Every structure is written in C-alpha cells, then in structure tokens.
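A.B. asks: Experimental structure and its sequence below.
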Amino acid sequence: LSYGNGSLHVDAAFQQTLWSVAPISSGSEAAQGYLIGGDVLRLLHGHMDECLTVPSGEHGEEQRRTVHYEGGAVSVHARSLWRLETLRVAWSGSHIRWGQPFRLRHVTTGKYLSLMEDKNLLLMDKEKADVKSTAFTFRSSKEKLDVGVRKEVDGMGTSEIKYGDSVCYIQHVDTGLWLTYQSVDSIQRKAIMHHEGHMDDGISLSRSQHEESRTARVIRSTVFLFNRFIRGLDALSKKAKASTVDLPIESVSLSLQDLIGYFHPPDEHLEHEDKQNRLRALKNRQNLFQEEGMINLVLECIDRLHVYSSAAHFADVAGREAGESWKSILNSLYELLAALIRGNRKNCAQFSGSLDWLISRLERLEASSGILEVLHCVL
Amino acid sequence: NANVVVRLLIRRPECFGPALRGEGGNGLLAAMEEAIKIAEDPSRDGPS
C-alpha cells in the first residue's frame, strides 16, 4: 500500500504490508437453489409473471428511481436484476436466513432500493444508501412474530430460503412495512410499502445466469463510461473549451476493445455444441444490450464525435492525444455497432429507423468503412 | 553470493544512498554532478 500519492493505492513494491484473507463463500458447501449472499435474482410477485423492476425502457434519470411491477419480456431483460448484498463483509456469500438484513441493488443502474416516508420506494446512490433506509429482510409469513435475528455465525450457515419453491415477504428492517402492490388502475403496477398490505404479497426468487449478471454489470459500466465521454465532449463543445473537463480517452479505447472482444463471433473450428452455446451467449448479450439501449448510446457517441472534421481539428479543440485517438475511437465505435447488430434480426429491425442518418455520412473518409459494414449487416 | 547480496540490497533500498532510493531521489548523474559541485566549492567539502 503506497502513501506516495494522496489517495490510497496498491502496488507491487519491495516494501511489504499486512494483508488479511477474509472468507466469503465455499462452493462445495453451497447447495442447489437455496439463496446465498451476493446472488443476482428476480423478484416474482404473481403467477411467476410480474417482476419488480424500474421504468428504464424509455430513458429518464428521474424515471430510473421509481420501482414497480411489470410483466412480459422484463423477466428476461436486465432491468429486473437485483443483487442481494449482506451487511457483513466476512462470509457475505453465506446462505441467507429468514429475517437476516440485506440490501437490494439494481444491477443495471447500480442504485440501492430504499424507503422514504414521503416518496415510498426509491432507488438511491451508493453514497446516500445508509443501511437505515436500504435494509430489507425476507420473512416466511406475514404474521409479525418478530422473534429477531440470531447470532451471526462465521460460515456457510444453514440453507433456508429456496429458489422458486419458497414464498418470501419483503419487510423493511426499521419501519417494519411490508412490500405491497398499489393496484393502481406491461401491467405497470406500482409497488409501495404498507403496514399490513395484501394477502397475496408473496415474492418468489428466480436466480439469474452468470452470463446475465456479467452482461448487466458490463452494461452498467459501459453506460457510466460512455455518459462520462458524452459529457466531456459536450463540455468541450458549446465554445466552452477548457482543460478542466476530463476526457477518458484511454478508458473509452480499452472499453471499446473489451466490448468488441465480448461481442466477437464464435470461432469456426470449434465443435458444433460449443459453437451453438457461444452463439446463444452472443445473441443473449446483443438482446440485453439492445433492451438497455446501448445502440442509441453508441450512435450518440458517434454523432458527437462526428462534429469534428479531422483528427487535427479534434486535437485543436480537445488536445493532441485526443487528436491521435479520434480516428481509432471512431473506428472502434463503428465496429462495436456492427458487432452489436450483426446477426440479430430484432436489432436490425430496430436499427431500421436509423439508416438514413447512417447513410448521411458515407462520404466521410474516417467513417466510410464502418458505415458500409453496418449497412451491409443491417441489409 | 551475488544473488543473495542483490536480494538483500533490494529488500533494503536505503543502502543505495540518498539517490536511487526513489521517493525524491535525483539519480546517479545528478548525484555525481552534485558531488562535482561539492568538490569545487570548499566549505561543504572540508570540516571548515
């Protein structure tokens, strides 16, 4: 651990520091089903149909915060994924018992579920999520026996809550309110906290695949980085040029390389079953990205980069390193778009509305090859 | 013996003098130029 810089950093140096290995989970002692800590799951309300999600399909940072119950393709989209994080660092991957406090974090947005007395359920940021508002428990029965929590054991513990079969009621730790459907009258039913609630408030748990969790986390990270890049480009524009604004050039380049590798098509010489599995994984990644709206983000980045006519112009407006990286980032963005929409009929049909805007920039040398590849895939 | 000595020296970086320690060290060339200046200037060289 290095004190040379102001913020704490870790590096491989001949000086030695003390480390502690704290256990989290053991794979062998974890059981089939039987919810454990750190799991990514979906909360199902009715006949395995409604899921607790947020209105993230139509954009809107303010609309990210509201929580509701929705049915249909949300059960397979990434908007209904919640990570269950325990309040203890040690053995955080242990089995979750009834009445054990935890936090539910929306994977796509990175925000934590919480209860404010004035505006019921709300997703807030990591900084303002302060246990007292973000702690929830699973209770087997609506009856408020309120026996309490037991002594925190240091181990895998005993598996109690089982996926699908078990019926769970979500209760705020402090207020004691139960999660209920407001029944306001694609269901779009608001979820609230009520002191007694309804009898059909049972919530079942459906675990998510490791691929789904990985894709959702990648979506969140890419959205964050690309929004930072877009904000930096906007600040550089509007004749507000200054060195105060941060332009994550290397971060965007590395993320684009990683995304291209992520969406790379399966290799030809592989066996048939492995190729089919990799194709299925790639298609699922493309569908999740499309549902989260990553194509629109890539298009926005490309459009904001295209306001500069040359690498020299971009260097003059932003800086020399941005000047050398401008063409590479444009090419990587076009390659990412082509990989995202390649082989996906639904993605190409959704992109159908953008072919005019795409073709409008064919004459440009820096974008001709990428636009041509994207057009070829779409057609 | 060479390997053992190198390993001990890199475990204790202060054996390399004020320079080559890092965390503010100038370098071999700068240190030797400073030594040249010290030799040229009598006061920092002798007890005086």
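C.D. replies: Structure received. Residues are numbered from 1 along each chain as shown, chains lettered A, B, ... in the order given.

A.B. asks: those strands in chain A, which residues are they?
C.D. replies: If DSSP state E is used as the criterion, the strands of chain A fall at A:40-44, A:51-53, A:68-70, A:82-86, A:102-106, A:112-115, A:121-124, A:136-139, A:169-172, A:178-181, A:189-194, A:204-207.

A.B. asks: looking at those, which is buried most?
C.D. replies: A comparison of these by mean neighbour count, using mean count of other CB atoms under 10 Å in any protein chain shown, puts strand A:51-53 on top with a mean of 25. For the C-beta atoms, the positions are set from N, CA and C on the backbone; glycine is no exception.

A.B. asks: For stretch A:349-365, buried residues please.
C.D. replies: A:350, A:351, A:354, A:358 (16 or more other CB atoms under 10 Å in any protein chain shown).

A.B. asks: who wins for proximity to residue A:235 among the strands of chain A?
C.D. replies: Among these, strand A:121-124 comes nearest to residue A:235, with 26.0 Å by CB to CB.

A.B. asks: Return the list of strands paired to the closest one, each annotated with direction.
C.D. replies: If you go by DSSP bridges, strand A:121-124 pairs up with strand A:112-115 (antiparallel).

A.B. asks: Not counting its neighbours along the chain, what's nearest residue A:208?
C.D. replies: residue A:40 (4.5 Å; CB to CB, 6 or more residues apart in numbering or on different chains).

A.B. asks: quick one: contacts for residue A:234?
C.D. replies: residue A:304 (CB atoms under 8 Å, 6 or more residues apart in numbering or on different chains).

A.B. asks: Quick check, residue A:335 in contact with residue A:370.
C.D. replies: Yes - under the criterion of CB atoms under 8 Å, residue A:335 makes contact with residue A:370 at 6.5 Å.

A.B. asks: and those two? which has more neighbours close in?
C.D. replies: Taking residue A:335 and residue A:370 together and counting by other CB atoms under 10 Å in any protein chain shown, residue A:370 has the greater number of neighbours (22 against 19).

A.B. asks: For the more buried one, which residues are in contact?
C.D. replies: With contact set as CB under 8 Å, 6+ apart, residue A:370 has these partners: A:330, A:331, A:333, A:334, A:335, A:337, A:338.

A.B. asks: What's the PyMOL line that selects buried ones from these?
C.D. replies: In PyMOL, a selection of the buried entries from these looks like this (16+ other CB under 10 Å):
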select buried, chain A and resi 330+333+334+335+337+338
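
A.B. asks: Narrow the contacts of residue A:370 to those in helices?
C.D. replies: When the contacts of residue A:370 are checked against helices (DSSP state H), the matches are A:330, A:331, A:333, A:334, A:335, A:337, A:338.

A.B. asks: The last one and residue A:378 touch, don't they?
C.D. replies: No - contact status for residue A:338 versus residue A:378: not in contact, 9.1 Å apart, counting by CB under 8 Å.

A.B. asks: coming back round to it: could you check how far the residue nearest to residue A:208 is from residue A:217?
C.D. replies: Separation of residue A:40 from residue A:217 (CB to CB, to the nearest Å): 9 Å.

A.B. asks: Now list whatever residues contact both of these two.
C.D. replies: Taking CB under 8 Å, 6+ apart as the contact rule, residue A:40 and residue A:217 both touch residue A:107.

A.B. asks: Mind telling me which residue of chain B is nearest chain A?
C.D. replies: Nearest to chain A in chain B, going by CB to the nearest CB, is residue B:10, at a distance of 5.4 Å.

A.B. asks: so which strand or helix has that residue?
C.D. replies: According to DSSP states H and E, residue B:10 maps onto helix B:2-11.

A.B. asks: related to what we said a few turns ago, just list whatever residues bridge to the residue nearest to residue A:208.
C.D. replies: The partner residues for residue A:40, given DSSP bridges, come to residue A:83.

A.B. asks: what residues are up against it?
C.D. replies: By CB under 8 Å, 6+ apart, the contact set of residue A:40 is A:81, A:82, A:83, A:84, A:107, A:207, A:208, A:212, A:213, A:216.

A.B. asks: for residue A:72, same thing?
C.D. replies: By CB under 8 Å, 6+ apart, the residues touching residue A:72 are residue A:186.
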